[PDB]
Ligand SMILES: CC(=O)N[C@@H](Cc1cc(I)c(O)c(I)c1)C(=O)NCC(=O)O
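Next up is one chain by itself, shown in structure tokens, the form deposited without this ligand.
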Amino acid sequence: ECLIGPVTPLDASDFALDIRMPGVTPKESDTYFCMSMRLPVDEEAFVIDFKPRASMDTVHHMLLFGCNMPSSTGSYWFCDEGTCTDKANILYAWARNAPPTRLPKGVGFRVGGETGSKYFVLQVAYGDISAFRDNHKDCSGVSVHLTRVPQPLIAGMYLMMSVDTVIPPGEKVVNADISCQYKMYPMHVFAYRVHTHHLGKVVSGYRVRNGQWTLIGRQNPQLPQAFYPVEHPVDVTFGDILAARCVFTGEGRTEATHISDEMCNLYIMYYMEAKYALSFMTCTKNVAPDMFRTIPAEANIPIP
């Protein structure tokens, strides 16, 4: 359980990093705790594997981000305060009773160097815990496999977030549409995660190419928000449009909710050939709203 060393070298090029809560005593149900772990190398390195070290009963949710400024410098903190004060580049999400996302063979996230993130920030959410267990420190976390051997495919995140959108009170279905033109080298989408708050019914993401929608994925965002795998990975390519839709319900809500708060985020996890690769992309617009008249019917079907 509690108390390998922080850094464990493996061959010339490889090392393991144990990212572990420093003996925390979670009081209270659904409390999100955070710790940072600086990268031991200044040079470019590649995260090529992950291994959860989650306590069985206590832990329901773990996230790992890549970023440059962690919100606290303390040995741990509460992620209510924040994760990183800058852009938090998400790398790994784990839920209990969830298919954990596993990097395809030659894929790694690019960290360190001038570009890449310097810190990992770990986020561990605990269940109901409860009972008469205050005499218990927890060291939950995850081990990361890093190497300085350059990888031929580089993983990254395409984040789609809604910003315009107002949820009127009482309307049973409200749609939040997001769309950008893709204008880079090809990316290959292998997983997705969806974030909303209370009112999300379902989030869906698509590549649209010559007016044909291909599914990237869809999920009820009230399920655990891990990275779900893509059945067959989707190449997204120059002149494709990425388009997302969230269905909210303002049933019972007392007044207008904006995006008292709500979010629609789609995390699209991809790989790109190392030379043309980018670690991060974003859409926060709906350039092609007219298009959504076309959207497959399956995108408005609830996932209860």
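One-based numbering along the sequence shown.
Colleague: I'd like the number of residues from the deposited sequence that lie between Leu3 and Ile4 yet are not in the model, binned as none, 1 to 3, 4 to 9, or 10 or more.
Modeller: Unmodelled stretch: 1 to 3 residues, a short break.
Colleague: As recorded in the PDB entry, how many deposited residues are without coordinates between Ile259 and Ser260: none, 1 to 3, 4 to 9, or 10 or more?
Modeller: Going from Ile259 to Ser260, the model skips 4 to 9 residues of the deposited sequence.
Colleague: For the C-alpha atoms alone, is the average B factor greater in 107-115 or in 133-141, going by the entry?
Modeller: According to the entry, 133-141 carries the higher average C-alpha B-factor.
Colleague: On average, which has the higher Cα B-factor in the deposited entry, 212-220 or 192-200?
Modeller: Averaged over C-alpha atoms, the B-factors run higher in 192-200.
Colleague: For the listed residues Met184, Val163, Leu146, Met160, which one has the largest C-alpha B-factor as given in the deposited model?
Modeller: Comparing C-alpha B-factors across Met184, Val163, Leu146, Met160, the top value belongs to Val163.
Colleague: Highest recorded C-alpha temperature factor, please, choosing from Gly205, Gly170, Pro233, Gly156.
Modeller: Across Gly205, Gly170, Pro233, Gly156, the entry lists the biggest C-alpha B-factor for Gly170.
Colleague: Pull the Cα B-factor of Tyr270 out of the PDB entry and bin it into the chain's lowest, middle or highest third.
Modeller: Answer is lowest: the recorded C-alpha B-factor places it there.
Colleague: Could you place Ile241 in the lowest, middle or highest third of its chain by Cα temperature factor, using the values in the record?
Modeller: Answer is middle: the recorded C-alpha B-factor places it there.
Colleague: Sort the modelled residues of this chain by their C-alpha B factor and say whether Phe33 lands in the lowest, middle or highest third.
Modeller: For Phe33, the deposited C-alpha B-factor lands in the middle third.
Colleague: Within this chain's modelled residues, let me know which third the CA B factor of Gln225 belongs to: lowest, middle or highest.
Modeller: Middle third of the chain for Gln225's C-alpha B-factor.
Colleague: Could you place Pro40 in the lowest, middle or highest third of its chain by Cα temperature factor, using the values in the record?
Modeller: Ranked within chain, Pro40 CA B lands in the lowest tercile.
The form deposited with this ligand bound is left out here; the points below concern that form.
Colleague: Let me know the one among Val247, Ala243, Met269, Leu63 whose heavy atoms come within 4.5 Å of this ligand in the entry with it bound, would you?
Modeller: Only one option qualifies, and that one is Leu63.
Colleague: Please pick, from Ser279, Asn265, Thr257, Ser36, the one residue with any non-hydrogen atom lying within 4.5 angstroms of this ligand in the entry with it bound.
Modeller: If I apply the 4.5 Å criterion carefully, the residue I get is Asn265.
Colleague: This ligand is absent from this chain, but in the entry with it bound, do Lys183, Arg218 and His232 each have a non-hydrogen atom within 4.5 Å of it?
Modeller: Heavy-atom distance to this ligand in the entry with it bound: none of the three under 4.5 Å.
Colleague: Residues in which of 68-76, 166-174, 137-145, 114-122 have heavy atoms within 4.5 Å of this ligand in the entry with it bound?
Modeller: Among the listed stretches, the partner-contacting one is 137-145.
Colleague: Using heavy atoms and a 4.5 Å limit, would one call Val287 a contact residue for this ligand in the entry with it bound?
Modeller: Contact with this ligand, no.
Colleague: Would you please decide whether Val202 lies within 4.5 angstroms of this ligand in the entry with it bound, comparing each non-hydrogen atom pair?
Modeller: No - in the entry with it bound, heavy atoms of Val202 and this ligand never come within 4.5 Å of each other.
Colleague: Give a yes or no for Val107: in the entry with it bound, does one of its heavy atoms lie within 4.5 Å of a heavy atom belonging to this ligand?
Modeller: Contact with this ligand, no.
Colleague: Can you check whether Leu159 is within 4.5 Å of this ligand in the entry with it bound, heavy atom basis?
Modeller: Close contact exists here: in the entry with it bound, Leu159 approaches this ligand to within 4.5 Å, heavy atoms only.
Colleague: Could you run down 79-97 and flag each residue that has a heavy atom within 4.5 Å of this ligand in the entry with it bound?
Modeller: If the 4.5 Å heavy-atom criterion is applied to this ligand in the entry with it bound, 79-97 yields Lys87, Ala88, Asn89, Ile90.
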